[PDB]
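Q:
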Amino acid sequence: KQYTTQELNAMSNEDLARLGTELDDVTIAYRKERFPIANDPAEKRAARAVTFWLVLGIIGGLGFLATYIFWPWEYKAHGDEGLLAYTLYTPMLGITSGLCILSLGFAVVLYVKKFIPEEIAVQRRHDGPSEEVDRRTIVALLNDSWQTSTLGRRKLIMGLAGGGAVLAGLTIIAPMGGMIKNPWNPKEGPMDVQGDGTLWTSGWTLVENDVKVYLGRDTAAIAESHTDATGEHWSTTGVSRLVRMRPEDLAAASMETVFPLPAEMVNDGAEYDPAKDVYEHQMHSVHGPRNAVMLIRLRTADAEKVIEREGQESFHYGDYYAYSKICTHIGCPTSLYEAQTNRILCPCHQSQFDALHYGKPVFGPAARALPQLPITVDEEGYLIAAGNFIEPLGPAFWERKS
Amino acid sequence: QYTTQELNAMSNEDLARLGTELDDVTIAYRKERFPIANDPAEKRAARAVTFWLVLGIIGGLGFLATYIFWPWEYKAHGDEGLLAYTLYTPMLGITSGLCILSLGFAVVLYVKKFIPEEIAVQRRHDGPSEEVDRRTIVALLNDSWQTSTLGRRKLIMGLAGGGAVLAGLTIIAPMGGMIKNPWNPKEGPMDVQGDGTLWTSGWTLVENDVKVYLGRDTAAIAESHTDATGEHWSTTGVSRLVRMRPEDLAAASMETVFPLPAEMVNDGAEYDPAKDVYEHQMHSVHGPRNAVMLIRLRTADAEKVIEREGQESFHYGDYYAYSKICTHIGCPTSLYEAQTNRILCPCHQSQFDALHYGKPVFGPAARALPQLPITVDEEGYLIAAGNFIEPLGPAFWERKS
Amino acid sequence: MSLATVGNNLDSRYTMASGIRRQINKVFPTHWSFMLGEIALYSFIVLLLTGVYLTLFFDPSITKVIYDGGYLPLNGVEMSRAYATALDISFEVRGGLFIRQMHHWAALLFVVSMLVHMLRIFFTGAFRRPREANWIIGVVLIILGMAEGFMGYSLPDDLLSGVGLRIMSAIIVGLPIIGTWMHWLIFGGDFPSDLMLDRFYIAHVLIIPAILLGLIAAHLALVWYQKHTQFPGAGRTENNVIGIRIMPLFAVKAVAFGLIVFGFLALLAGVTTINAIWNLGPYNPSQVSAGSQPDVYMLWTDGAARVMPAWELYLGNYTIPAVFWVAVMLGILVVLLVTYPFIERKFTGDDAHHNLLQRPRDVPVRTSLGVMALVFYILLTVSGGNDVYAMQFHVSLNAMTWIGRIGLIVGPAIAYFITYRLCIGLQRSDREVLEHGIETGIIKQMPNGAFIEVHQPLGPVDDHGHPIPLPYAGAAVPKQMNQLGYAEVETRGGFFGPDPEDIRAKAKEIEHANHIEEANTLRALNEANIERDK
Amino acid sequence: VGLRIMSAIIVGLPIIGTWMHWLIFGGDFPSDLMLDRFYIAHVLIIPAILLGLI
Ligand code: HEM
Ligand code: HEM
Ligand SMILES: C/C=C(C)/C=C/C=C/[C@H](OC)[C@@H](C)[C@@H](OC)[C@@H](C)CCc1oc2c(O)c(OC)cc(OC)c2c(=O)c1C
Ligand SMILES: C/C=C(C)/C=C\C=C\[C@H](OC)[C@@H](C)[C@@H](OC)[C@@H](C)CCc1oc2c(O)c(OC)cc(OC)c2c(=O)c1C
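Residue numbers (the UniProt record's numbering), protein chains in the order written: chain A, 7 to 408; chain B, 8 to 408; chain C, 1 to 534; chain D, 163 to 216.
#1: Strictly below 8 Å CB to CB, what residues from chain B border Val217 of chain A?
#2: The alpha helix (DSSP H) that contains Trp240 of chain B, what's its start and end?
#3: Drop a sphere of 10 angstroms on the beta-carbon of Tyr314 of chain C, count the other beta-carbons inside from all chains shown, and report buried for 16 or more, exposed for fewer.
#4: Hey, is the region 269–286 of chain C in contact with the region 357–375 of chain A, meaning 3+ C-beta pairs nearer than 8 Å?
#5: So what's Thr347 of chain B in DSSP terms, helix, strand or just coil?
#6: Starting from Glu270 of chain B, find everything on chain A with Cβ-Cβ shorter than 9 Å and list it in chain order.
#7: Quick one: what's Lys64 of chain C bridged to in DSSP?
#8: Mind checking the region 297–330 of chain A against chain B and listing, in chain order, the residues whose C-beta falls within less than 7 Å of any C-beta there?
#9: Within 7 Å (strictly less), CB to CB, does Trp210 of chain B reach chain D?
#10: Nearest to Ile343 of chain C by CA position, among C:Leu87, C:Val93 and C:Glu132, is which residue?
#11: Apart from the five residues just before and just after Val213 of chain A, which ones in its own chain have a Cβ nearer than 7 Å to its Cβ?
#12: Using a cut-off of 7 Å between C-beta atoms, extract the partners of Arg51 of chain A located in chain C.
#13: Quick one: using the 10 Å Cβ neighbour count with 16 as the cut-off for buried, is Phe393 of chain C buried or exposed?
#14: Please report the Cβ distance between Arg303 of chain B and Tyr326 of chain B, rounded to the nearest whole angstrom; I am assuming they are in contact, meaning their Cβ atoms lie under 8 Å.
#15: Chain B beta carbons: is any one of them nearer than 7 Å to that of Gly170 of chain A?
#16: Within the chosen definition, does the region 74–82 of chain A reach the region 15–29 of chain A through at least 3 CB pairs nearer than 8 Å?
#17: State yes or no: is the C-beta of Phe121 of chain B within less than 7 Å of the C-beta of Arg24 of chain B?
#18: Sorted by chain position, which residues of the same chain lie with C-beta nearer than 7 Å to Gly244 of chain A's C-beta, five sequence neighbours on each side aside?
#19: Using a Cβ-Cβ distance cut-off of 7 Å, determine whether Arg94 of chain C contacts chain B.
#20: By the three-class DSSP mapping on this structure, what secondary structure does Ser330 of chain B have?
#21: Interface residues of chain C around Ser136 of chain B at Cβ under 8 Å?
#22: Residues of chain B with CB under 9 Å from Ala113 of chain A, in chain order?
#23: Look at the Cβ atom of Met261 of chain B, then the Cβ atom of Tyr343 of chain B, and state whether they are nearer than 7 Å.
#24: By a C-beta neighbour count over all protein chains shown, 10 Å radius and 16 as the cutoff for buried, is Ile179 of chain B buried or exposed?
#25: Ignore the nearest five residues each way along the sequence and tell me which others in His515 of chain C's own chain have a CB closer than 8 Å to its CB.
#26: With contact counted as at least three CB pairs below 8 Å, one residue from each stretch, are the region 381–393 of chain C and the region 330–344 of chain C in contact?
#27: Closer than 6 Å: is that where the CB of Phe58 of chain C sits relative to any heavy atom of ligand 1?
#28: Find out if the Cβ-Cβ distance for the pair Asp302 of chain C, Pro294 of chain C is shorter than 7 Å.
#29: Where do the N-terminal and C-terminal ends of the alpha helix (DSSP H) with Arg345 of chain C fall, by residue?
#30: Indicate whether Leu36 of chain C and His117 of chain C have their beta-carbon atoms separated by less than 7 Å.
#31: Can the beta-carbon of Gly69 of chain C be found closer than 7 Å to that of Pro181 of chain B?
#32: Taking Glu254 of chain B as the query, report the chain D residues whose CB atoms sit under 8 Å from its CB, ordered along the chain.
#33: Can you tell me the Cβ-Cβ gap for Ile244 of chain C and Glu125 of chain A, rounded? I've got them flagged as a contact below 8 Å.
#34: Under 7 Å, do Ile443 of chain C and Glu432 of chain C count as touching if we go by C-beta distance?
#35: Excluding the 5 residues preceding and the 5 following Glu49 of chain B in the sequence, name in chain order all residues of the same chain whose CB lies nearer than 6 Å to its CB.
#36: Chain D beta carbons: is any one of them nearer than 7 Å to that of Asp59 of chain C?
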């Protein structure tokens, strides 16, 4: 029922509150004050508990701002002065900020838990089906709209409208074919030291273009900071990332990561030029997706009991063998050459390849043997790639034979 | 209230009217479009809607056909099929319109010709709430606040405010990591763009006892070399900047020059095709306050020049050099009028007199263009005898004058 | 302050008094585990804000540069702009490392809070009718949060993260019949590519956050509309809700718990390193590390790849790689998680409108399925980091792979058995108390020498003194006497001295009256509910 | 050219023009972070304020 202004005026404020909650089908079953005694010692005892954490909220906030402005934050390397002060900047930031924010939160939780009254409140639900008049009437209105329209009679306009609707949808989404790309269309231009950009090739395919491709080791060189009257300049003009390597280099039971190093990008030996900028291209070679090759030297006792694969006989040169460093499972580096067991282990999902059984997987989720590179030595005695792999490198895909 | 037995004895018209009334709406007037049994006007309207739908089909199928099978790759001026390339995107939008606009017109015509004409009236429930709601909500909020008792305890409330504002400052203090002093050097050794502050440019290197030629821009692009192991773009023997000599410019001409330190030259008798000076020279070209305009005047105009105080010996014969950056808000003043000797800014049409030490004569600029002191060296190339005597570019609060 | 004018203007312009009265009067049930969704909300807000901060300093490009930044042990090293600007965030921005680590800790908290929240929802039965929609969108939310963290930590372009991207790429090419084309679409080419980091960046900062926020919004709106579930208890029916109102209690509690969450993440962000990209170096396809592993919320996928045997089909000109079945496994367990309410309704035949919850002891099939799935996921997660486990607990690696394999059958089954029997046992303990009364712990000796334990009944008694057994009611039954309040202190004062005896007597009288009337109102509401059921 | 002009407006403001500029651009113009801040403003922040206000 409604209330006139005089009746609402006649009420007390608590009575208006009771009416307010009951208008939403809420009822306060129970509600009682925390400190009814007039000058309770427990109320002052609770106030001091709350002010403790508010004091520390203020202390922590001010300490955070002090730490954040005036604490020496800038980087120090090992052996520098004020190293310890730098290593603690972020720690102090967090302990002060945590002090501040946690103390504010605890103050508020305590205030609720011992000052605001306690209550049981009970609200009635209104859910499930609706009240049937509304169901019947909404169905009536929607059915009325559909039959009003007269579109159900016109099968031709409906069919054509749906056809135009779906075709307009196609017209909207068709430019998503700007993302579609044939995986078998090669990359632009000629072949690169990373291949033609298909899943077949690599840099080692360049042998088929009559290029001499050395096996090259990574020197891990960095740019050098020259400095002069016009500034400070990091440069790479006389620096080789990849350098040729020779068969004497690896002891037995050694492993070296080698990359394709065409003879045009070499800059080492007596033919070294101190202004021949090749670092960019050798870097492009080191970052080829499936360019890394694992070059192992077996012991003679091991090479006496190495098992060869059909067609991959004479790929090795003496005791030197060469496998693809890309795992045949889902493409991690197969870096872990257990030198004694002669097993190459992938640290991703723990596949194990037998270096004495043409790299056949003997454990893990891999199923195919590691591809093998044919290698030899040239007229100057540098190791070179005598051919290309006879397999697709890397993991498997739907279009791959065996 | 509507019991089910009453609600059952109701038509769909009755229930629809009840529904609109339950929502404070009343359809005051609604009349069918084609009441007659065999109206030819209905068939006429149906043909109208069918037309645009069929044309929407044609437009959409044309779109997909074009987007797939029309040749779309770039063709240059000399190529065969430049027409077929230039009409691709045109055709795409022609057919996209013909699909979507045709579907739109179809829906408009259907709602105009076939759906009945309706007038409906709905009552508003706006303005103040009823008084009981206002009184009850005020009672509930007063109850919450007074029963909370937080107004009785001023110390706790004050410290809560203090802790909350200090927590807020704790939250937003990381934005102070976005702050940078605008007057720190950049902070390595000074380079061909200055020390990164507003007081310096490449020409400041002159004050470090570096020879800085005036370098003219060649616009030379990288070269593509290809061979049996790939294709690559190279700039090894290429130079973006070259030294120049006073015999190059005619008697009313303007060149844009940049600061070319002696360590970046690589042209003339000392040219090596393996010296790769490109990226540093580009760094010189891409400094904000680096561009200067070197003007050779006619003789009879040069002897009308009014110099600025302290800058009477900055020129070299008929050669004058002015900062190319405008003193308004930083555009290049690249429009030298050869006959009027006005230097004009294209951004907001400031005009500077070149026979009056670069003093503005129009537009919103107020300060004169800075002048660079220049001369020739022993080998016969033009060099910067010194740095500018003033800050350059637009003005800031800290700039004197 | 003249709030009257503000309220009057707002009300005269919007007619808002009733609508706002409805929201300050809304009731929420106040069990503790109804805060586990809140954590996910708050950590999400932290993720948003800290994320925007990081975007002001980050360049997502795969273009290479020579490094010349703060961190000297990598100066002169060729690296992408992504790795370079992550290092600049870490070392050249003041407090940047703090905000980075706070962002990552917030990500971890977001995902695990979603997990434990979903487990509350599962074990209590809050998914069933009318609330299945929140279940479907919540499963979507946990999946998208996982994807979001993956794409997020793939951005800084360090070695470990790039190995993760390599593994993603390898799994997408392996798909029949369309994996190669899908890969060339997603990555724009072969891996790595130009647009991969740009696409992961805009997926991470814009697309997935937008879907996540929109679904969190729909989720919270449905939770607010369909009022919250509750456990059984005195006065509680299918047709009501008992708890506290929005204004003042619950809103303040929400703000305070949010402050606690924010401060805990701030603290973590300072006192513990996470990720540490500067030790890992930049990404290189030819390098790897032993402690690989994705982030914790992805280790299950990793473990699925480790426990799978090398089962491949050669057809013969086409190939089905061995990881395809791992994708099938993930698809199965996603579908089974998202469609579980319908599975339970098929095999139980229950389809009523449920607003009360179930204690997990009382629904033992679901609790046992839950714990067995927990054990399957635990063994996948430990299978992921199984080599770290092997290194750090002197277990053979291969032993751990076979432990993972066999465990993914025998662990779930043993878990089902043990869980089911423990559930029935807890039921029986509750029925013991409702049959014979609380075991007080007191043992008396009678005159005949019989040791009898003293029981406290929770109901009437027969004239023999034996309780009349009460029916179970789906609520918690007190097991010890101190739950009834017989241990409660009756002195009052500070730690160092008592109050005056006047105040203590008065206060204890008042407290006794409080307890009596709270019990009375719940008893009256209980009787009223019986009467409403006629 | 338009970014140049906006930068020149911002430096001219007193007192805080130079400091405002070094905040927005993260340095002297053109800056390493300029386009990236404009990017995330354009794709995330302003579209979100716009969608919320719409
Ligand atoms: C609009 C919202 C977000 C933005 C703008 C954002 C932004 C970023 C950016 C730019 C990075 C780059 C790397 C770095 O600077 O350290 C990053 C890292 C990350 N993000 Fe986000 N992010 C958002 C939301 C999220 C969400 C919702 C999650 C988790 C569900 C998440 C998880 C991560 C993780 C795990 C990292 C790696 C942290 C690290 O590099 O140490 N982000 N975020
Ligand atoms: C970021 C993700 C999520 C957020 C922010 C969130 C937030 C919330 C909040 C605040 C509540 C009410 C308070 C509570 O019950 O704890 C809630 C309830 C609920 N949540 Fe979520 N939740 C998320 C994910 C999920 C997931 C993963 C599921 C299940 C698959 C789920 C299903 C539910 C259901 C069914 C309820 C209703 C509980 C009831 O009515 O008794 N939500 N959620
Ligand atoms: C992150 C950004 C922030 C905080 C911005 C704050 C606002 C600053 C200014 O108000 C103080 C603002 C109103 C406005 O300045 C009038 C600027 C936008 C500058 C607009 C602007 O652009 C031009 C432009 O783009 C051009 O391109 C070719 C060319 C132009 O002339 C030829 C102009 C131009 O003459 C102006 C004024
Ligand atoms: C709906 C989702 C969208 C829009 C976007 C993104 C989707 C993300 C996917 O999940 C949903 C994605 C995480 C997933 O896709 C199968 C793959 C990466 C596979 C998971 C995966 O990762 C690893 C990883 O990261 C590692 O890092 C160092 C290391 C790893 O082993 C050591 C693994 C690994 O063994 C597996 C199986």
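We treat Cβ as the ideally placed atom computed from N, Cα and C, and that holds for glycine.
A: Answer, in terms of the structure:
#1: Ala235 and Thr236
#2: Careful: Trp240 of chain B lies outside any alpha helix (DSSP H), inside the beta strand (DSSP E) at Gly237 to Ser241.
#3: exposed
#4: no
#5: coil
#6: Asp234, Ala235 and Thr236
#7: C:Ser80
#8: none
#9: no
#10: C:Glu132
#11: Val219, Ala391, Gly393 and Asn394
#12: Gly494
#13: exposed
#14: 6 Å
#15: yes
#16: no
#17: no
#18: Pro280 and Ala281
#19: yes
#20: strand
#21: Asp11, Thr15, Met16, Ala17 and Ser18
#22: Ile163, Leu166, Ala167 and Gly170
#23: yes
#24: exposed
#25: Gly485
#26: no
#27: yes
#28: yes
#29: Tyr340 to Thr348
#30: yes
#31: no
#32: Those within 8 Å of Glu254 of chain B in chain D number zero; the least Cβ separation is about 34 Å.
#33: 6 Å
#34: no
#35: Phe41
#36: yes
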